[PDB]
Amino acid sequence: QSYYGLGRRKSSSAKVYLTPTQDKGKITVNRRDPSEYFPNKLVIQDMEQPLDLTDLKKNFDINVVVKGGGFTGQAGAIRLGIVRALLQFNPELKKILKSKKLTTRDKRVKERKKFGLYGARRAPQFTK
Amino acid sequence: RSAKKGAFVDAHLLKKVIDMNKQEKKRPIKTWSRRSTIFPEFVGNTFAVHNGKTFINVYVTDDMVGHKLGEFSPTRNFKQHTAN
Amino acid sequence: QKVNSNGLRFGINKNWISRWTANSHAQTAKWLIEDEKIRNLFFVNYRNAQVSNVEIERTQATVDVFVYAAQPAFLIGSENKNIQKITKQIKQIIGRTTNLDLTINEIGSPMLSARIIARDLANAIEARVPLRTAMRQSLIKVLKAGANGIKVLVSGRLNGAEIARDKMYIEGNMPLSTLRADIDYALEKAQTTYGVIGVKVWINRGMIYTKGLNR
Amino acid sequence: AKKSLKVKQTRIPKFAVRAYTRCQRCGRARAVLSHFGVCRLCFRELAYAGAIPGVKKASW
Amino acid sequence: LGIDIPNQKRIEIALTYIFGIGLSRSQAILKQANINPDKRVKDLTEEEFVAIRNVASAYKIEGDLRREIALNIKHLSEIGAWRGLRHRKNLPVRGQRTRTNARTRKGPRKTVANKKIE
Amino acid sequence: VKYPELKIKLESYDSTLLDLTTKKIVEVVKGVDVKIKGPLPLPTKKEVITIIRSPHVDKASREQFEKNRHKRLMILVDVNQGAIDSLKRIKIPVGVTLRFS
Amino acid sequence: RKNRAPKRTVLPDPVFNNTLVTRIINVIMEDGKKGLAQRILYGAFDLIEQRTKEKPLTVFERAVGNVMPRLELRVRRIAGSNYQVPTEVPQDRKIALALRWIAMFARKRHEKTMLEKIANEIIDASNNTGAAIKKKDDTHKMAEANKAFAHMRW
RNA sequence: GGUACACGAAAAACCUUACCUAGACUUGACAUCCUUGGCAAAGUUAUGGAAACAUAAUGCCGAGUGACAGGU
RNA sequence: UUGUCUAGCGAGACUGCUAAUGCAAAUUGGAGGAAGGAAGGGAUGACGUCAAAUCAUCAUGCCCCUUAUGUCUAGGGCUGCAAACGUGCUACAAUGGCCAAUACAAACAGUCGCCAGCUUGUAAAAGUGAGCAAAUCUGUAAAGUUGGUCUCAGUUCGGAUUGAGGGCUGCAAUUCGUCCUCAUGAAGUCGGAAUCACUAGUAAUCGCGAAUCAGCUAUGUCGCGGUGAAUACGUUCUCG
């Protein structure tokens, strides 16, 4: 069965189509290679972490389209999308995917940058 | 420079310098501003330029085509540093 | 000191004084510099009008100046002299490029509005009236006529002393901590022979939580 | 010199280098908004009165 | 013409130090003269070194650069003028503040106590 | 017919006020014509006006007023006479401005 | 007076499968990136099996186990001659201090490309040659040196 | 010091601007009233000048006179 | 290889039900669930405290010129410099630097503009040629990453600064907008007595747009974001 989820981690927006067919699970993020889309670092496996908890690269073919985030931002977008499609498969596994802090959005996004806050949170100083 | 009408003169500081350069070199003119672009047609004469104060007569030179009049009028002074 | 409610719980609960919009730095400058003059005139020139609020309604060079008043006769008048006077005044202040078609409408118990109370208190202060008695009468008239608790503060000279000690009133439930309570606010500046005295009144219109946007 | 500020805004004999926008009620082209043709605190109190489109206390 | 400097980095970088040839015109030479990058190489060929010192002169001669700079400094400082006046005192001339800045030309810091009032 | 495929964008200074107009268009266009695109939300290219509080020194605390220039795209793919007759006479609230082709 | 607050530990680095790995990556953080310090750590391991050969996982876990401190010293003063009093801390701050020590002793050095210098730093910190083990030995030896002042605890 | 500083300022070529020197200006540069109309002058291109400031020149639209307008 | 999308609402998250404690309220755990109990940020700032800031929104009470402190154009400073705080940037480098390319937005601005793509270029840019009053058409989104090099140097860090000559807008660009072809590689190789901001997208950090602006030595800031942890024992120092 094809599962549809919602990936919006790091102020992103994603469609996912988890199809547990004979396909290995190739991650087609915006229809280009992950080697240039992502570094070969932790991100190249942070993208596959949802598969890593669902029989990595052997199940849940990830047809994912995304917009939003950078290199780890897009990986997080596809991650939230895949885990949320997995939740949509059966509305009972939200609890067990909450612990991994991938779904049940922890709201980890660069929040509203404030007036007078230069790092988006840093006050100038207690001026003498 | 300015590169877009960057060689323009107000046509009223230009008249007196054109006349005075061609008389022999006549220095004093009542054309006080900082907008006179320097051209080799203004050689030999001085302008009564405005330093933010009275009309001080400074010797203008013509080497560039984008540099301007106030280049020859003093506008800032030294520190004259004091020990306290 | 404290924040003002008419900017705190506004924009989500209370209807705008001016309903207009446009793109960026194209024509909003003229509208924003124009609406304020009309708003101030509707309270300064027509003191007896008792305008709860003026609804400025602009969309592509046309303004429908609505007024919420206790009696239309203040601005309509007998023999339609008040209506022609106000139309000509607003037309001269607005130009010939914009139609006016102003209307005056009854508002249920206008004493639950703050603009009229603030304006009248400012007129009293700049008319050299005893501050104590005038404030007592205003509080009585605003509490008796069917309105909830009130929060009035007059800052500046108290007509002889107590300059930095502003006289602040607190009546009934006035929670600025609440974000939907319909605490209408308006500030006014009394120009008296002692300078300018600032009157601010918060009036409770009844809790506005899940009540909509219309004033 | 509030009259000087507004008049310098308006009158331009032949030199459009003196171009800028400002509030027509209180001038002070410093911190003005050419989007709204108004200064800062006058804008703030006008919005507090509710006569400005979009009025809220830092709602993001 | 020019001072020949050996390379531990690429030739352009060795040129960056010398006056008249800097990071950008030597970059142009490197992209146009087909210079072999130095992967822990001290030098490809010595004979080209001084030759490079002249190719950038196609844009503006380094000797001509410094001569024009010095001549303009002296001319505009000796006469009644502003740019030469601010150049001779060794302060920024293109509109850089000196209140707490412009000290890139005044040295790091020369601490002297200022006037204090009650 | 009658200027077919009239791209009518709607922009407002209020949140619910513009979605209300968009829903009014999508409901009035039906009953006289079917298969019309409805609510088509846009990035709503607003602006944020940051203003200081005191008439004097304050920049670490300068609150913002939000003239939220919202934007909803209304496109009629079926432009029968009743559909665009309703469209031209939608009578949006005065705080709503329509950019029509 | 704030009290015990809910400190949070993020998901481990999912390319090496260790929370200490991601903590180290996020403590030596330069320019804010993890794709940066991840490359730093991978190249450091590559040069570790290049020079001073050792398995990255075993050496990393051994370093984490060993470089952790024992106690902490709180400053106490009454009239004069301020001194220290021992206190116990949870292991989270211990591994955090290890993180900070590694970052400080790695990010700053001559002796060219950072790959080999950080590899050498982590190797020395791992094999009990003094780069962070000396602090652990001292803090144990410090308590028996100022015990006359350590006993004065209220 | 908190209760000022990448502040009020969210821009310093002149304006923005508050000073500076250079020029006129006298209900004045703008402006309420008095006063005079259907052709009435802000701004115009030459032009002394840098421009007001007088001009030749144009807009159902305006000038002078004393009371007064203006004031980061 | 579209119902994510953008924006509105409803259900919902509200101790809902259970167990426990707590004379109460109230709190913890467990279900559905986005979070289990103010859900991370903002706003919400009470009497009054500093008789704090402001006559600089404005109004002006009072004190001040009026054919003159009003007005004014033009020019200049408001970027002066021995000096001392403070904001950031930016570096003190190899996590990087330069070179060329690359992926992404949340979004925001744009019809003297944005400019795709393309010609010249070492360029501020010189232009050809669609599209856009703005999810279209654009504004490199970059950092990240790819490939070469650099081997920890006053350095390919850092572009600070200045001159030969041009470029964007604006009568005028020298001073005071500017940046760049070319030059420069300042200071600063980790910062003293003394301190602040900062607790899951937080700091740190890199970007797109823009506020005034005709235009800008804002690198900034303001809005949106991209990468992105740790600790917080506890009031022992400590401060309100």
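These protein sequence lines map, in sequence, to chains H, R, B, M, L, I and F.
Numbering follows the deposited numbering, in which position 113 of the first sequence is assigned residue number 116; successive positions increment by one, without gaps.
Numbering follows the deposited numbering, in which position 20 of the second sequence is assigned residue number 22; successive positions increment by one, without gaps.
Numbering follows the deposited numbering, in which position 205 of the third sequence is assigned residue number 207; successive positions increment by one, without gaps.
Numbering follows the deposited numbering, in which position 43 of the fourth sequence is assigned residue number 44; successive positions increment by one, without gaps.
Numbering follows the deposited numbering, in which position 18 of the fifth sequence is assigned residue number 22; successive positions increment by one, without gaps.
Numbering follows the deposited numbering, in which position 97 of the sixth sequence is assigned residue number 103; successive positions increment by one, without gaps.
Numbering follows the deposited numbering, in which position 35 of the seventh sequence is assigned residue number 36; successive positions increment by one, without gaps.
Built from N, CA and C at the ideal position, the CB exists for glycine as well.
Please report the distance separating the alpha-carbon of residue i from that of residue j.
| i | j | result |
| --- | --- | --- |
| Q91 (chain B) | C27 (chain M) | 22 Å |
| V40 (chain I) | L12 (chain I) | 16 Å |
| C40 (chain M) | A32 (chain M) | 6 Å |
| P15 (chain F) | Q52 (chain H) | 7 Å |
| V201 (chain B) | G79 (chain B) | 30 Å |
| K117 (chain H) | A59 (chain M) | 9 Å |
| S82 (chain F) | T56 (chain I) | 53 Å |
| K73 (chain I) | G148 (chain B) | 35 Å |
| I53 (chain M) | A31 (chain B) | 11 Å |
| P49 (chain I) | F106 (chain I) | 18 Å |
| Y20 (chain H) | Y49 (chain M) | 49 Å |
| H69 (chain R) | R3 (chain R) | 7 Å |
| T77 (chain R) | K9 (chain M) | 25 Å |
Under the rule that 16 or more other beta-carbon atoms within 10 Å means buried, what is residue i, buried or exposed?
| i | result |
| --- | --- |
| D37 (chain B) | buried |
| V45 (chain R) | exposed |
| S20 (chain B) | buried |
| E89 (chain F) | exposed |
| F74 (chain H) | buried |
| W155 (chain F) | exposed |
| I205 (chain B) | buried |
| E16 (chain L) | buried |
| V45 (chain L) | exposed |
| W33 (chain B) | buried |
| residue 3 (chain L) | Summary: the structure shown does not reach residue 3 (chain L), with chain L confined to residues 5 through 122, and so no result is reported for it. |
| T48 (chain R) | buried |
| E17 (chain I) | buried |
Nearest to residue i by alpha carbon, out of the options?
| i | options | result |
| --- | --- | --- |
| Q25 (chain H) | H:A123, H:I85, H:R125, H:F63 | H:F63 |
| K6 (chain R) | R:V60, R:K28, R:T39 | R:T39 |
| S35 (chain R) | R:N59, R:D65, R:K81 | R:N59 |
| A28 (chain B) | B:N206, B:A63, B:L133 | B:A63 |
| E114 (chain H) | H:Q4, H:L9, H:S14 | H:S14 |
| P45 (chain I) | I:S92, I:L82, I:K52 | I:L82 |
| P23 (chain H) | H:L59, H:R108, H:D36, H:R82 | H:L59 |
| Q82 (chain R) | L:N76, L:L80, L:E82, L:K93 | L:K93 |
| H62 (chain I) | M:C43, M:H36, M:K4 | M:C43 |
| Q193 (chain B) | B:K169, B:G148, B:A126 | B:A126 |
| residue 227 (chain B) | B:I118, B:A183, B:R182 | With chain B running from 3 to 217 in the structure shown, residue 227 (chain B) is simply not present. |
| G54 (chain R) | R:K32, R:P42, R:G72 | R:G72 |
| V112 (chain H) | H:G72, H:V86, H:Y121 | H:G72 |
| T195 (chain B) | B:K213, B:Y187, B:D122, B:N161 | B:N161 |
From the DSSP output, which residues share a beta bridge with residue i?
| i | result |
| --- | --- |
| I152 (chain B) | B:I205 |
| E57 (chain B) | B:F68 |
| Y48 (chain B) | In the DSSP output, where bridge partners are listed per residue, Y48 (chain B) has none listed. |
| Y84 (chain F) | F:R77 |
| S16 (chain H) | H:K70 |
| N107 (chain B) | B:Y70 |
| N59 (chain R) | R:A50 |
Which residues, in order along the stretch 3-27 of chain M, keep a beta-carbon less than 9 Å from a beta-carbon of chain B? Correct list: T22, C24, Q25, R26.
Could you list the residues in the stretch 30-49 of chain B with a C-beta less than 8 Å from some C-beta on chain M, going in chain order? Answer set for the stretch 30-49 of chain B: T30, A31, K32, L34, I35, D37, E38, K39, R41.
At a CB distance below 7 Å, what residues from the stretch 30-54 of chain F approach chain H? Give them in sequence order. Of all residues in the stretch 30-54 of chain F, the ones placed with a Cβ closer than 7 Å to any Cβ belonging to chain H are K35, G36, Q39, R40, in chain order.
Using a Cβ-Cβ cut-off of less than 9 Å, give me the residues of the stretch 66-77 of chain I that come near chain H, in sequence order. So the close ones are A66, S67, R68, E69, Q70.
Quick one, which residues of the stretch 41-55 of chain M are near chain B if we go by CB-CB under 9 Å, in chain order? So the list reads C43, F44, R45, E46, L47, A48, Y49, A50, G51, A52, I53, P54, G55, given in the order they occur along the chain.
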